[PDB]
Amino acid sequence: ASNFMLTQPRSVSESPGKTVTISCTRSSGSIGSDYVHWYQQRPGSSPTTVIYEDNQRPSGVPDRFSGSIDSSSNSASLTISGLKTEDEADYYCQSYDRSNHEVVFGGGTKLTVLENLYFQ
């Protein structure tokens, strides 16, 4: 039996100062059955926790970061308000599969902060 999957968009790009959301959908089992945690990984660095237990922020993490769960879509989301260039990184959601006794990571999302003033 395979673990459940946590599916995230691979690439998300947004302009500074805006709010961006990154989702993490659990393929089987209820998202509320297991807490979802979120890590930030800057290039060349180890991951750090940005959200734990769905919506809790470790000390030191900017309060522009928040976490939520949506039961209807079976997903967890990381929301970043007031997006800044320093938030560019990869982001991973993580949970646990009780049946197989294994950690499950989402596949990652790269967040890019756009540098263009105008759009085509």
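So that there is no doubt, residue numbering starts at 1 and follows the sequence shown.
- Relative to its counterpart among 63-71 and 47-55, 63-71 has the higher mean temperature factor, C-alpha atoms as listed in the PDB entry.
- The PDB entry assigns the greatest CA B-factor among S77, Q94, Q41, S30 to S30.
- The entry lists a Cα temperature factor for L83 that places it in the highest third of the chain's modelled residues.
- In this PDB entry, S11 carries a Cα temperature factor that places it within the middle third of its chain's modelled residues.
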